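The sequence shown lines up with residues 551 to 621 when you count with the authors' numbering.
Even for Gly, the Cβ is constructed at its ideal location relative to N, Cα and C.
Please read the structure below before turning to the comments.
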Amino acid sequence: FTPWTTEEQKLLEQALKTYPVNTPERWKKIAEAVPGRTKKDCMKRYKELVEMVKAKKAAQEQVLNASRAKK
């Protein structure tokens with residue numbers, strides 16, 4: 551078993567946007583899109599992605615707030 555490799559990860563990246571969370575059969579279709587990786591890994595990974603991009607954008611917005619108005 552390897553880490554999140556460039557191919558298995560990109561198959562996830564596209565499958566997340568091809569099949570939304572609104573689809574109850576999302577990860578079943580992502581099983582066909584992403585072989586050799588389990589759906590629990592695909593869920594955990596996807597969940598990390600959202601938390602990280604939230605933290606970045608929020609921090610960038612605090613830097614924006616600081617440069618927009620002085621304290």
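Q: Return yes when the Cβ of residue 579 is within less than 9 Å of the Cβ of residue 569, no when it is not.
A: Start at 1 with the first residue of the sequence shown, and residue 569 comes out as number 19. Start at 1 with the first residue of the sequence shown, and residue 579 comes out as number 29. Going by C-beta atoms, residue 569 is nearer than 9 Å to residue 579.
Q. Quick one: what does DSSP say residue 501 is sitting in, helix, strand or coil?
A. Nothing in the structure corresponds to residue 501, since the chain is present only between 551 and 621.
Q.
Need the endpoints of the alpha helix (DSSP H) that residue 605 sits in, please.
A. Reading the sequence shown from its first residue, position 55 is the one you call residue 605. Residue 605 -> alpha helix (DSSP H) spans 589 to 618.
Q) Are the CB atoms of residue 581 and residue 589 nearer to each other than 9 Å? A) By 1-based counting over the sequence shown, the position of residue 581 is 31. By 1-based counting over the sequence shown, the position of residue 589 is 39. Their beta carbons are under 9 Å apart, which means residue 581 touches residue 589 by this criterion.
**Q.** Local conformation of residue 560 per DSSP, three classes
**A.** By 1-based counting over the sequence shown, the position of residue 560 is 10. Helix at residue 560.
(Q) For a test of the three-state rule: what should DSSP assign to residue 568, helix, strand or coil? (A) Here residue 568 corresponds to residue number 18 of the sequence shown, with the count starting at 1. DSSP places residue 568 in helix when its eight states are reduced to three.
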